[PDB]
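For neighbour counting, all protein chains shown are included, and Cβ atoms are generated from backbone atoms with ideal geometry for every residue, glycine included. Rule-based calculations on the coordinates, nothing more; no lab input.
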Amino acid sequence: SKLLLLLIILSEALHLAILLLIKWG
Amino acid sequence: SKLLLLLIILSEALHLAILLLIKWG
Amino acid sequence: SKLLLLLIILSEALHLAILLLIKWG
Amino acid sequence: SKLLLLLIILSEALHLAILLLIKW
Amino acid sequence: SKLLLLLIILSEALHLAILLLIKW
Amino acid sequence: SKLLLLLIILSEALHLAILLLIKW
Amino acid sequence: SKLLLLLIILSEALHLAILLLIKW
Amino acid sequence: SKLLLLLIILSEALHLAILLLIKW
Ligand SMILES: [Zn+2]
């Protein structure tokens, strides 16, 4: 119920960790 | 100012990581 | 066991993604 | 159970520290 | 005013450091 | 290259934090 | 054991964040 | 500026404080 807010934040981060990684790669 | 946006997430993540670490256990 | 098993997976993904983002970025 | 109150404070201070570090 | 907020939090840590250091 | 010393430490912070979320 | 590791990890994060904030 | 001036102290203070807590 609240934990998924942790995973949302990790997903949302991984997406943009990679999204950046296309501007580099 | 790209990965600052990325970093902020990691902070916000760690915020909940710890906040959930004090309540549960 | 539900989102907990999903959380470990997610996190490890992110560790790799960051470790990568170090190497290339 | 008291240490964590330190740690959570540091994290809280870390995001504020970068939240305005972006601005520059 | 956005900065002030940082120091205040930053201070709260110190006390929790020393108050934890004095205790044990 | 300056702001990459955060991410390493932040990535290592979070990982441990989450690793320890498991342990508890 | 690890609850120390974070603090150490987390200090040298906040340290650098703040250091960089001052320098820039 | 002076708030900035002040800020340098606190943080580095906190670093040493922590450094101690780590130490002992
Ligand atoms: Zn997305």
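Every residue in segment H:6-24 that is of a type outside the set (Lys, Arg), part of a helix (DSSP H, G or I) and farther than 17 Å from D:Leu20 by Cβ, please.
Let us first name the residues in segment H:6-24 that are of a type outside the set (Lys, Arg), namely H:6-22, H:24.
Okay, now just the ones that are also part of a helix (DSSP H, G or I), so H:6-22.
Listed by number, the residues that qualify are H:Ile9, H:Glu12, H:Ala13, H:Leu14, H:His15, H:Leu16, H:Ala17, H:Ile18, H:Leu19, H:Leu20, H:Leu21, H:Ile22.
Please specify each residue of segment B:13-23 satisfying the condition of being surrounded by fewer than 19 Cβ atoms within 10 Å (Cβ to Cβ) and either hydroxyl-bearing (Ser, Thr, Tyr) or within 20 Å of C:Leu10 (Cα to Cα) (or both).
Those that are surrounded by fewer than 19 Cβ atoms within 10 Å (Cβ to Cβ) and either hydroxyl-bearing (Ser, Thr, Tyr) or within 20 Å of C:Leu10 (Cα to Cα) (or both): B:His15, B:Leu19, B:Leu20.
For segment A:8-25: of the residues being more than 13 Å from the ligand (Cβ to nearest atom), within 7 Å of another protein chain (Cβ to nearest Cβ) and in a helix (DSSP H, G or I), which is farthest from F:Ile22 (Cα to Cα)?
A:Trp24
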